[PDB]
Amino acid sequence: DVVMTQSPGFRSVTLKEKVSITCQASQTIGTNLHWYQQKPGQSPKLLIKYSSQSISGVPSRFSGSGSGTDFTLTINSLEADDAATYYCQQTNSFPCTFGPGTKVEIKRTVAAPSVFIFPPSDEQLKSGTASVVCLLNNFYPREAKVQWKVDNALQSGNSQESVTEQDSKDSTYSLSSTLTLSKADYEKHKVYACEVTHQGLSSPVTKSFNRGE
């Protein structure tokens, strides 16, 4: 089979700049090479076919070139919705094969998160569990530190985090942190808080609530 290599595996670029990602085949494939776009949770989308031929509906800022073994996809002016992974595909030898993909990240301005906290629902407490959620909304860069405090006691070993993909409109991220306790342990304490640290915050932010307030 033909091995398709793409390098680098990740690019971080500013809006309106020009980007060129490369694809190399382990043997000559002429111009039987195509480019696809895919975002998390979505299906791939054809951008370019046979090295440089345009596709109906694709913005003109996309263009490709190359013949033989070295190929290049160029985005003339990078837009927010261009945050995605880009794959090349050879169709010269059976079976057709894809490259590993190059992920493009948008580099925007610093934006501090909006912090929210949710107490557990009475429906969940009736089942014997208590989940406390801390929400960090629309921030950049993706690095962020979240800490849980119960009655001012720093917690560890009882929480889990998850971060979203980059937003296709404002290029920000969002993060959720869930503290999970048993009903018995939840009713042993009164104050619950999450403390957030981020590059866009000159001082840490703390959202808290009192059990039964």
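In this text, residue numbers run from 1 along the sequence as written.
A.B. asks: Do the CA atoms of 152-160 or those of 44-52 have the higher mean B-factor in the entry?
C.D. replies: The entry gives the higher C-alpha B-factor average to 152-160.
A.B. asks: For the stretches 89-97 and 119-127, which has the higher mean C-alpha B-factor as given in the deposited record?
C.D. replies: 119-127 has the higher mean C-alpha B-factor.
A.B. asks: By the record's CA B-factor, is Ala184 among the lowest, middle or highest third of residues in the chain?
C.D. replies: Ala184: CA B-factor falls in the highest third of its chain.
A.B. asks: For the chain shown, is the CA B-factor of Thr102 in the lowest, middle or highest third of its modelled residues?
C.D. replies: Middle third by C-alpha B-factor.
A.B. asks: Please place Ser65 in the lowest, middle or highest third of its chain according to the CA B-factor in the PDB entry.
C.D. replies: Tercile = middle for this residue's CA B-factor.
A.B. asks: Ranking the modelled residues of this chain by C-alpha B-factor as given in the entry, is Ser114 in the lowest, middle or highest third?
C.D. replies: Ranked within chain, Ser114 CA B lands in the middle tercile.
A.B. asks: How does the C-alpha B factor of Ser26 compare with the rest of the chain: lowest, middle or highest third?
C.D. replies: Middle third - that is where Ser26 ends up once the chain's C-alpha B-factors are sorted.
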